[PDB]
Amino acid sequence: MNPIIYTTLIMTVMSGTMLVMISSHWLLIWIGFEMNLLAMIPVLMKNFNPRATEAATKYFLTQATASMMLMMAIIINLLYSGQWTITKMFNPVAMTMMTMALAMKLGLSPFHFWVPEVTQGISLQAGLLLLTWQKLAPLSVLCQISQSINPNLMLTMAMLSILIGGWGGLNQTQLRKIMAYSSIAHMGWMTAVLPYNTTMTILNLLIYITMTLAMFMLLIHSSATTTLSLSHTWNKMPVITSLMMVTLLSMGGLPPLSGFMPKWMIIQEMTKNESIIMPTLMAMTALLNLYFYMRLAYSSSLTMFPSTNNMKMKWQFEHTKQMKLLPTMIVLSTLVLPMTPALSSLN
Amino acid sequence: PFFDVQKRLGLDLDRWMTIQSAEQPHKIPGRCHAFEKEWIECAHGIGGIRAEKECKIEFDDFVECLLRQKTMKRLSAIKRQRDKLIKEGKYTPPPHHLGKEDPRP
Amino acid sequence: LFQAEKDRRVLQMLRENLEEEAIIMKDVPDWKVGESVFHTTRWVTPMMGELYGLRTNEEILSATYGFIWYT
Amino acid sequence: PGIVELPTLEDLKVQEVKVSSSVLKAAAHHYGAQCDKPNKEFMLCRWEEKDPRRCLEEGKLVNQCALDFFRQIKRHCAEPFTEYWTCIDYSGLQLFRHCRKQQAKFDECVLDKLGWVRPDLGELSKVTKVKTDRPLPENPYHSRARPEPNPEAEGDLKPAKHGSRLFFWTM
Amino acid sequence: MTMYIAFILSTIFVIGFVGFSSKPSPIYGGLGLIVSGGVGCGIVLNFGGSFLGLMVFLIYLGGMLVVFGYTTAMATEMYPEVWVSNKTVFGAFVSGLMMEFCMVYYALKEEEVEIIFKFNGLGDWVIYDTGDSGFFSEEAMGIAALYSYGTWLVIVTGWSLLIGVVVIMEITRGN
Amino acid sequence: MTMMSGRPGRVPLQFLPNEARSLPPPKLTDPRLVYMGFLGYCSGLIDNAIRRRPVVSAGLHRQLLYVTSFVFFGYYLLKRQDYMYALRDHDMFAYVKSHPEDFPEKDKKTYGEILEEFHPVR
Amino acid sequence: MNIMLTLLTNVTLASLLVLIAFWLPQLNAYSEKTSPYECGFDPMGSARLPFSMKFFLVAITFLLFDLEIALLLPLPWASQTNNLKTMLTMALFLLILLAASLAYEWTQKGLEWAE
Amino acid sequence: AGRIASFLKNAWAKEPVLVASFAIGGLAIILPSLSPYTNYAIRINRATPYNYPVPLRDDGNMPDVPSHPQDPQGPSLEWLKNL
Amino acid sequence: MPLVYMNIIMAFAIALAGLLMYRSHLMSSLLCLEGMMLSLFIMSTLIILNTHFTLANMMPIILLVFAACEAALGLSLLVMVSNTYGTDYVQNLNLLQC
Ligand SMILES: CCCCCCCCCCCCCCCCCC(=O)OC[C@H](COP(=O)([O-])OCC(O)COP(=O)([O-])OC[C@@H](COC(=O)CCCCCCCCCCCCCCCCC)OC(=O)CCCCCCCCCCCCCCCCC)OC(=O)CCCCCCCCCCCCCCCCC
Ligand SMILES: CCCCCCCCCCCCCCCCC[C@@H](O)O[C@H](CO[C@H](O)CCCCCCCCCCCCCCC)COP(=O)(O)OCC[N+](C)(C)C
Ligand SMILES: CCCCCCCCCCCCCCCCC[C@@H](O)O[C@H](CO[C@H](O)CCCCCCCCCCCCCCC)COP(=O)(O)OCC[N+](C)(C)C
Ligand SMILES: CCCCCCCCCCCCCCCCC[C@@H](O)O[C@H](CO[C@H](O)CCCCCCCCCCCCCCC)COP(=O)(O)OCC[N+](C)(C)C
Ligand SMILES: CCCCCCCC/C=C\CCCCCCCC(=O)O[C@H](COC(=O)CCCCCCC/C=C/CCCCCCCC)COP(=O)(O)OCCN
């Protein structure tokens, strides 16, 4: 694919997301979603390798079904009140339809099935895009209509996402599927606090995005897509494995690392609304994510796996293209907790 | 989330089409222009939480204009009572309700 | 002139409907004759179910589809 | 929530203008020039009151003025007018363009019989002013009292007392 | 209840939807979608939407033609299925017809609420406007306002169509 | 829910309203600014480590740019955070003042008049 | 109503013609007569086997180009607006983008049939 | 100055259809911006009375508003009949 | 709500159920997608015509445009899948698991 065509398709994806986030008309939000999907399909197929065709087909079917449901919710809302502005969704049936459509777009359980498959089917750069930039538009729409979201349905889907991400990640040796299940669990954490405080949702989204960018850039630097391939990195770049272990610890929510800040900030918020059992279940369920991060840390950094003879050749060559924002990403994803009160700048 | 660039720049990308009481071509009005105008002027500036309670009368009138549920209920009741009165035969509807009227210009 | 005649025609049809309503629903438990459905007291344009509700199907078909079906 | 007030069948009685559409179109320009004042008074009442029940007398005066206009036309020369509106009425679109000789004859009769001057292109579509003694309605929409707004933000901005006050943070 | 024209058209619309949703051979699915498109055009015409109905019928006919061409190439299935050639397709078709009939019966004689609201029938002629004015078409004026009011819509739609051409040519490249 | 997005008089994308100039700016020796600079320095060290350069002394211009960028961004971030907290306190105090019936001043008894249950430890 | 009558009349006339065509003459149908025609010899495979489309990309492009004419058709009514400059700018913009898409497909060999 | 002439000659020899299309499209783009009749077209569109002109309540100090359609005040369409 | 509105809504629900229940062909599912788009067009047009929302009359046309972009997209994918398997059956899309 031509570099100019790639650049214009990336611009179209970000333009669809921006159109969703700056529009006050439901039709323009739907158009932004349509444009985003249209430009996103070829990005997943940049390398042909028919698994990418399967991933793109599954992604297209899921997103198009969600778009159809979204348009129906819009039309029902218009029918019961001649309103096109994005507001508290005067009709409840339309509100349920939109909640389900946005959950399907995000990949919340039980609409989560497509995420591991699509992430495994595409390249690491496409997975980075899909797991970071694609979450903004549905979450931005959900934040605008949060005052009308049925808490029961959203909290059920959030708990299901946390549980299913934690359980699904345990059985994975492929790194991309591990990232997908982590994404599902973090999505559940994001949407659990949305009906109570959208600033906490934005804070969790930002912290998750920086941690995910760090992890994906680290997996790009050492071209590993499996556990056994990542177990060879210590014999070529020990620093990369050390930073990967620290980032994995942060994603597990361990203090005093950055990943502890969202959960800590969410539980507290949920307690001010007299929600006690729910945060306790979510906090105990996140230990599954911690476990399957710790297993990867064991395989890649805390122990030394056997290597191969040809790795000696690789000792003579340096990484040519460098990611400039990787050091900032690692620092922001680990050493940021003391600056927690800065979250007030998000509201 | 919502980045209000239209408000910051005064651009009006899509706000012209949000409501039906907003500057139609050839000044063609919506079916419920007055009701929506009244509801909007009631609910302006007081917030959604206050508007949902204090402008409920205007919004209910606007919804009645939009869907006409009460009007259909009333007409259905009237026609049902008329059918009951005619089936046993003590109504005899007037000639101008049967087609024997003298029309006016 | 057309507006004046239209106003008189609509008002007369509404009045005839009201007079027939006063007779049809004489013995309905708590039916208030001529009761509006809107909280407001301003004029509201009739719905054509309010004007041709008590009339034959021919004039209803005319008033509804005569212009569309005319070719 | 209230009884809809309706006029009686007597109050809606009026002497009808029972001419056909082609007859009205043949005389449309002269009629618009001659009966302009009552027509504009009725239209101003209609667009200001937003209620047909409040402008019935103006409509009756409109009908009366139209009747006088047609009475004058019938009394002075009805043959040229009939010849004009017949050719107008033949056309399926009722085109002025196809009756220019009959229109000329009618105009020449009414110019000397009554002094009537046919309005030029652009005149009947002007926005005009109307002198009326009818008071301007105060609340035509029958609006309710608008709810009071949330009060205001007043005063100066001082630093937060003891900082953010978030858990152990002292700033 | 007057001439039942709108109700009959809507029922045929639903029947065509059931026909192509039972998923027989895509030839017959295209036929069912064409029938639904024509009937929906009729429905929209019965409400004063001449341009919109004709427009959607014209668009669908063209779209279906491409689908037929693609079906003959990639969805051929040596023994193509009709609605009575398989128990699954016939069962889905009968289920759709029965559900449509049950819903109509529940909403017709009585006034039942299925999901959102209820219905008594009364014919769709009740909710019309009575508006008597105009030397133009309101629908045509609203559609033509796209080039004066909807500049933003034209911009985004044109960019999307150009991107769609680029996108299809990228996807079908292969290599 | 969003608590202060719809605050009246708010400019959409300002990041620093005019009224914020009424507040004392953070000192340049603010420990939070020092932590911002420390984060920049750590980013520079990690950049040296990944690029396989002498970590402590490889690029002094690059490390200086890292520290300077972090401090520069952190200063405005601290200003916005302080302004937002001041706004929260201002609104809370105003709302308490304007709703006296909801925050009634209560005369407090002394511990010589309050009867607390005694629970022996035995 | 008149168009519905016209459609019913046309369909009825065509169906009646089919009925007379199938019920008036004498039919002698045997297996050899009704067999498929392939120039005197039996077909090798089925006619329901896949048939390759060499113009598939042009066929897909036809959908977008067909929606563009739906976008362009309200132009006679759009030419009556007061903001003539804006309407003309948007109409020319739409046509220019259509022409640019056609040019892009042409230059990248999108109009050539597959071999 | 000399390259464009050779390119145009080759295009006219090989693809006259494309040359004609580009010339006609360029003329369609440029000419409306240089024509004095575009303003006249806008004025003609503005002169068409699709809706009723609602009269104004005479407050007493609007000299430019007519009191009768045939009064000299108000917009004039004399420029149109001579066009 | 009149009977026409619930008939259109029922058509949408039927088309959604048809999409969500795959048989074998991807083309059948794409036809269900087009049917959902058509039901949305009819519903929105009926609402806009009934309420005389003049500007919104341009909305359904736009809705048609992005319908085609979805069809042309889907058809494109159907080509590529076919080129891999000689068949548009959805059972062949099973290289990636959960
Ligand atoms: C609440 C506040 C907080 C807000 C938070 C916001 C969200 C936070 C972040 C969200 C998540 C971020 C995820 C990033 C996705 C990255 C994906 C990617 O590109 O590949 C991964 C990439 C792959 O690495 P690689 O393997 O080494 O690269 C190999 C190549 O890909 C091999 O491929 P190649 O050979 O083809 O190489 C081509 C290469 C080389 O590129 C070139 O050669 C350049 C040539 C120029 C081509 C000319 C094109 C011009 C014509 C096209 C016109 C299109 C118009 C469209 C508009 C239509 C309008 C309707 O180009 C690229 O690789 C990608 C180009 C990227 C272009 C980006 C343009 C942005 C578009 C913005 C649109 C918005 C407009 C306004 C909208 C208005 C509404 C309508 O890795 C990274 O890039 C590292 C990650 C960096 C991400 C950024 C980190 C966070 C951001 C920090 C910055 C500050 C942000 C806040 C700013 C606030 C405002 C000031
Ligand atoms: C891991 C830590 C987070 C890293 C995030 C990226 C860091 C780089 C900084 C990003 C630069 C962009 C922000 C500065 C440009 C000006 C911003 C301005 O234009 O926008 C304002 C917005 O300003 C931003 O919100 C402030 C950005 C500050 C981000 C830092 C907060 C991080 C949380 C605390 C963790 C500590 C990390 C500190 C750094 C080490 C307008 O506000 P408003 O339109 O009305 O609200 C929008 C949201 N609403 C409507 C839904 C309410
Ligand atoms: C130009 C367009 C407009 C035309 C307007 C007229 C429309 C005409 C309708 C079109 C059909 C034309 C067909 C003409 C021949 C008739 C064929 C058939 O009807 O006759 C037999 C019908 O008879 C059946 O065998 C059964 C007869 C009785 C059983 C059912 C009928 C019950 C009706 C009661 C009859 C009792 C007396 C009624 C007095 C009114 C079937 O014979 P069959 O061999 O297959 O077909 C080949 C006909 N051949 C021989 C001429 C070649
Ligand atoms: C600040 C951002 C600039 C850089 C970022 C670019 C990203 C945006 C893409 C293009 C921005 C242009 C959109 C601006 C909105 C247009 C509407 C507004 O500007 O007014 C219109 C002005 O539009 C004019 O036609 C000129 C602007 C059209 C520009 C031509 C198209 C160029 C767009 C190219 C970028 C899009 C993506 C790439 C496509 C190739 C019409 O005004 P008017 O009709 O008086 O009054 C209407 C109200 N009435 C009806 C009540 C009377
Ligand atoms: C400035 C306004 C422009 C916008 C308006 C245009 C309206 C519509 C016209 C554009 C439609 C799209 C056209 C597609 C472009 C075709 C590109 C192409 O690939 O053409 C090549 C051919 O190469 C060319 O492009 C043709 C020559 C260059 C283009 C035409 C001339 C460029 C413009 C000339 C007119 C400019 C003004 C006239 C000058 C007047 C004299 C002073 C095709 O050749 P093959 O198919 O490979 O042949 C195989 C069989 N042998």
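Side chains are part of it too, since the values below use all heavy atoms of this structure and drop only hydrogens, waters and symmetry mates. In the text below, chain A, chain B and the rest are named by the order of the sequence lines, each starting its count at 1.
- Close placement of the H/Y50 and E/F136 rings is indicated, their centers lying within 6.0 Å of each other.
- Taking a 6.0 Å sphere around OH of A/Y6, one finds it holds more than 12 heavy atoms contributed by other residues, nucleotides or ligands.
- Residues I/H52 and B/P29 form no side-chain contact, since every pair of their non-hydrogen atoms from C-beta on lies 4.5 Å or further apart.
- Contact check for A/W84 versus B/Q20: no side-chain heavy atoms found under the 4.5 Å cut-off.
- Contact check for E/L33 versus E/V67: no side-chain heavy atoms found under the 4.5 Å cut-off.
- Using modelled atom types, no side-chain atom of B/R31 and backbone atom of E/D129 make a donor-acceptor pair closer than 3.5 Å.
- With sequence neighbours left out, B/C32 forms a disulfide (SG to SG under 2.5 Å) with B/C65.
- Judged by distance alone, with hydrogens and angles left aside, the side-chain atoms of I/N57 form no donor-acceptor pair with the main-chain N or O of E/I143 at under 3.5 Å.
- In this structure, E/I43 CD1 and E/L9 CG are separated by 5.5 Å, a value rounded to the nearest 0.5 Å.
- Side chain of B/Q6 to backbone of B/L13: a donor-acceptor contact under 3.5 angstrom is found.
- Distance alone, capped at 3.5 Å, places no donor-acceptor pair between the B/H26 side chain and the E/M141 backbone.
- E/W159 has its side chain out of reach of A/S15: every pair of non-hydrogen atoms, C-beta onward, lies at least 4.5 Å apart.
- Qualifying salt bridge (charged side-chain N to carboxylate O under 4.0 Å, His left out) partners for E/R173, counting only residues two or more places apart in sequence or in other chains: E/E170.
- Within the 4.5 Å cutoff, side-chain heavy atoms of E/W152 are placed close to those of A/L19.
- Judged as a ring-ring contact (aromatic ring centres under 6.0 Å, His included), not a single pair has a partner in residues 52-73 of chain E (not counting sequence neighbours).
- With a 4.5 Å cut-off on side-chain heavy atoms, I/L33 and A/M68 count as touching.
- Electrostatic pairing of B/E23 and B/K27 counts as a salt bridge here, judged by a charged N lying under 4.0 Å from a carboxylate O.
- Aromatic rings from E/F17 and I/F12 are positioned such that their centres are separated by 6.0 Å or more.
- Ring geometry for C/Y65 against C/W69 counts as parallel: the plane angle stays under 30°, on a 0 to 90° scale with 60° as the upper cut.
- Side-chain contact check for G/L88 versus H/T38: every heavy-atom pair is 4.5 Å or farther apart.
- Under the 3.5 Å distance criterion, the side-chain polar atoms of E/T151 are left unmatched by any main-chain donor or acceptor of E/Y147.
- You'll find the ring centres of H/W12 and H/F7 outside the 6.0 Å limit.
- Contact annotation: the side chain of B/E36 approaches that of A/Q83 to within less than 4.5 Å [non-hydrogen atoms, C-beta and beyond].
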